[PDB]
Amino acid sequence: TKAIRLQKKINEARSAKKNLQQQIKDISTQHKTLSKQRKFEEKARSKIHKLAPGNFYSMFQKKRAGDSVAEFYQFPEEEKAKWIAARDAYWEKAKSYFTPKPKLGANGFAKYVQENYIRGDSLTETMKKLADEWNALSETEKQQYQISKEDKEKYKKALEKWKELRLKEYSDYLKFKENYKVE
């Protein structure tokens, strides 16, 4: 019974080590899923940039993309212009899917420049002169040029809803890009 108890403890240890191995594999699988999710959310909110024409052409050739752009460099002017116009129509359709990111309000000296910039001024000269005016302000004079807590929370709410909808917009864009014929 001494060795019986000891073997019983050995068997519980081997079972416990098996449960640990399963939990490690479960956290690894879930971690890979969350890493893919984070990558997707990063691309779905990124800055939308007009696709270059070579990348368009490699999108439409099932050969490898690099060689396709290389062959696109040697193209004549006429086929190159046809590809560029088709790429531009695709660009209009593509940018349609996305909503531009909510901008935050001008604050402090930025708001001062927003209010006291007058049309037809040297930007460097106006910025420096406005800076000299701004620096001479007392701290409560500056404190009235800040964004209220109400507008800050409104921008928080708008950025939050946009962080949501850019996910769905990006998915719709990806479906558009996979199923887009030149036509």
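So that there is no doubt, residue numbering starts at 1 and follows the sequence shown.
**Q** So 56-64 or 29-37, which one's hotter by mean CA B-factor in the entry?
**A** Per the PDB entry, the higher value belongs to 56-64.
**Q** Per the entry, where is the mean C-alpha temperature factor higher: 39-47 or 123-131?
**A** Comparing 39-47 with 123-131, the higher mean C-alpha B-factor belongs to 123-131.
**Q** Would you mind checking where the Cα B-factor of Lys157 ranks among the modelled residues of its chain, as the lowest, middle or highest third?
**A** Its C-alpha B-factor, which the entry lists for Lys157, ranks in the middle third among residues of this chain.
**Q** Is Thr99 in the lowest, middle or highest third of its chain when residues are ranked by C-alpha B-factor?
**A** For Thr99, whose C-alpha B-factor we compare with every modelled residue in the chain, the answer is the lowest third.
**Q** Relative to the other modelled residues of the same chain, rank the CA B-factor of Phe109 and answer lowest, middle or highest third.
**A** Lowest third.
**Q** With respect to C-alpha B-factor, does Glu115 fall in the lowest, middle or highest third of the chain as deposited?
**A** According to the entry, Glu115 has a C-alpha B-factor in the chain's middle third.
**Q** How does the C-alpha B factor of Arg5 compare with the rest of the chain: lowest, middle or highest third?
**A** According to the entry, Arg5 has a C-alpha B-factor in the chain's lowest third.
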